[PDB]
Amino acid sequence: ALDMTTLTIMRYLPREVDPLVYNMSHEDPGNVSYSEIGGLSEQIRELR
Amino acid sequence: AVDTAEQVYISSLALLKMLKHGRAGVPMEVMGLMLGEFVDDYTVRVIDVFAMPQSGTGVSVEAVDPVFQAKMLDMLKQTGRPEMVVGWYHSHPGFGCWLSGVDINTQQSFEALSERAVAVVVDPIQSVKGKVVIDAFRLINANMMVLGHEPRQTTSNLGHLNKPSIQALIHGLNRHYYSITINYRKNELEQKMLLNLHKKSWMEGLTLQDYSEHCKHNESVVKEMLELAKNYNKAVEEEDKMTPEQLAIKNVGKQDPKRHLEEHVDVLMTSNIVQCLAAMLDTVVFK
Amino acid sequence: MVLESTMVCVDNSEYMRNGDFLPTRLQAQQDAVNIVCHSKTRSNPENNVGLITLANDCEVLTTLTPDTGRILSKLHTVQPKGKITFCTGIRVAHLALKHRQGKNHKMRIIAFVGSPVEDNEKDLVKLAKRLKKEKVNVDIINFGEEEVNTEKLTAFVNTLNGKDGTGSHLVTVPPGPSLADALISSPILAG
Amino acid sequence: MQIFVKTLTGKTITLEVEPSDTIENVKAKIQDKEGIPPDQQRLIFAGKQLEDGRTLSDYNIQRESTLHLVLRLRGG
Amino acid sequence: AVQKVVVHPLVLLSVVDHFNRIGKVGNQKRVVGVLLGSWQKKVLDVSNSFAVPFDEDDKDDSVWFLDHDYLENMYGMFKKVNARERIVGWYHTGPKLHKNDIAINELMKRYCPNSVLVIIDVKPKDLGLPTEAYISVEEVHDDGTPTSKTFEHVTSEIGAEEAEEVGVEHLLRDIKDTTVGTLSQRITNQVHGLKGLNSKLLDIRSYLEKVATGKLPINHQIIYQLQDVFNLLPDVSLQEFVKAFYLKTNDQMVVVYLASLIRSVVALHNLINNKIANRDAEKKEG
């Protein structure tokens, strides 16, 4: 970050995250259990 | 009425401290307080200056402890410095030199408290080894000047030697105040010091450079001469073949071998001469 | 009222461990100091006080300070040791009185004597006379054993404040009850 | 009563006051005397700052005491 | 411990200001003060200083006055406006060592276990350098003399900062300098060398008089050192060393010959340009 009247370094900062990535970082109903999926346990084993 | 000629004498120490303090608050208008005496109607002399505890925000600063000032000042007297306050100074980085807005207000109360006050402004970031940028001001009267009265009296050329810059005119120097000329007056003893300030010990002067490594440098430069001689022959051959300035204008990229050839002399010379002389001396002075 | 600078030059020689006064001469003097300096500051608030001690060297313990407590907490843990040395003490107190903060004050020295003084008389007469022309006032308590030092001190004070100067005293005391109780408050306001 | 207040310049001022006066009244008198605005000036006594909210008796300002005045130092 | 010490100009100007000011408080011939600084990797840097009251009764040692609780108070007042810097040592402006300063040092050492002394002589009477550096040590003896507490020498120099050398150079409008290149070599490293070496040998010369019953031989140590000096100095320039010398002188001069030749050819070339240009334009403008 630069001072605007005279342009000298004043502070360094961490990397940004663009609001799009922030939003798609953590929105989820996120609560169904494996109990609610029936009839394809074999695929679940293959994937995990 | 104030005479045009009156000087400000600043005492060499104060200047060094003003710089080493200004070039630290790099982007901020650090400020401080300045001590001296009013010798006469044609003089003011500043003898020392000291900093304060202060805080600011880039757009401003001010000092926070009022007690510290009176305590420091009353302490100093115990060691021969009874002088009192005559003014203050603050640094403008890169802007230039002038008083603006708030700086007039804090200034003007000094003049109600003590006539003949002085405000100084220094710029530490444009300055360079040859010259430092300093100015000293005082406020014009609080108008009642529709009378067209001059602010000052004149009975000498002594005040009209200098040309005011465009920048201060933009911010209005002759419209609201006036400049006063800075002058230096070093005493005997400090100037005796100031020349010693670079002397280097006798131990070194008699010392020889290594003879190896030295020979290496000689062979380096001599083998560097070749390419320049080769290029020089062509550069001699081709000139006057075109219009005169179109020599230089077409020689902005590639180098011109004359200068690079010439300035490798003054490296064989100087070096070889001084080494042979120093050896030739000290072969006698020791046994 | 008059503004005064006072240095109290305690004595700490070996002889201070003996027991003429009841607890031991060290406690015989500390209370006296405690009362005299209270008197100096309460007499007028901006008087100020300092502390020196006499051993095989002289030593300064606290320069002219307006708050008495600095001295008191300082005087503790001074230890009886070595041999007294009178002249050097008075000299170094003269030096330290020049550098007072406000030259409008006039100045005094107080000292407690508690041992034999191995000094030659004719040295005291010189010191006294130059101190005479420097306007420094001295004031001696022969606190400890009166003998041996009884004469030299008296002739000294005479040669100093004599010529009818009258501003400088000698006072002396046998073994008995407290210095501050019986003695110091008696002769004049202090000293 | 009379009270002496002195400044970093070496000039000195004498004021007349009564013990029930507050600090603000002091500063107002100073402004009347010299033209400094009341918000700029800071006062000192016995090595601690003065503040409004109190009477001059409250700090035990005695007859013929001495006060220090020091100005606000602002720049920007 | 310390290997070298570096001084900034602001200290030297401060010293001189103090020396000139004292006349308003006393008549003494010396002044004393405190050095604020910092250091790293055994290189010590002194940056700033303030002076504290001191006094001494000239006619004797052992009778001197030095004000503690002013020093402590100032050190507190400074720390509040620059946290970078800490007590490091002390300076005095006498031209020569004094008997009692070891007893000053043992006082002020309570403020810093490593403390260093700098002598800043304010009135030079020679070509030289304005500072000297000393540190305190204990010496054993071979004579069975008891352990001695004594000073030891440390090499010193002036340093600089970009924010100051601008001011120094703005102020150095006093005299000539910078006689460039070959002009400045021989002055700066022959004449002002020989003058120094001569002054040193005169000093030894004078000391070896006092030993004519004026003073006791201070130690056989100093005599052993002198014998090393007169033993070490280079062998007589009389052997085949001479051959080795001639070789390098030939090689040193040959390249000079070459360069001088180059130097002349360019002058001829410039001559021709000047000649033709002149005459041609002349006839043209006629």
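Residue numbering for chain E follows Swiss-Prot, covering 5-290 in order.
Header says: electron microscopy, 3.8 Å.
Cβ coordinates come from backbone N, Cα and C, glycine included.
Swiss-Prot lists E:9-144 with the feature domain 'MPN', giving sequence analysis as the kind of evidence. If you look up Swiss-Prot, you'll see E:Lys180 marked as ubiquitin cross-link. Among the features that Swiss-Prot reports, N6-acetyllysine is placed at E:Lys204, E:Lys214, with the record citing a large-scale study or a structure entry.
Annotated features taken from Swiss-Prot, shown on the structure.
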| residue | record | DSSP (3 states) |
| --- | --- | --- |
| E:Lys180 | ubiquitin cross-link | coil |
| E:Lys204 | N6-acetyllysine | helix |
| E:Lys214 | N6-acetyllysine | helix |
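Residues of the domain 'MPN' (E:9-144) grouped by DSSP class, helix first, strand second and coil last, total 39 helix, 48 strand, 49 coil. The recorded positions considered are E:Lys180, E:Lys204, E:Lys214; of these, E:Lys180 has the fewest other C-beta atoms within 10 angstroms of its C-beta. The two recorded residues E:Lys204 (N6-acetyllysine) and E:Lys214 (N6-acetyllysine) have their Cα atoms spaced 17 Å from each other. Between the C-alpha atoms of E:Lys180 (ubiquitin cross-link) and E:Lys214 (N6-acetyllysine), the distance comes to 42 Å.
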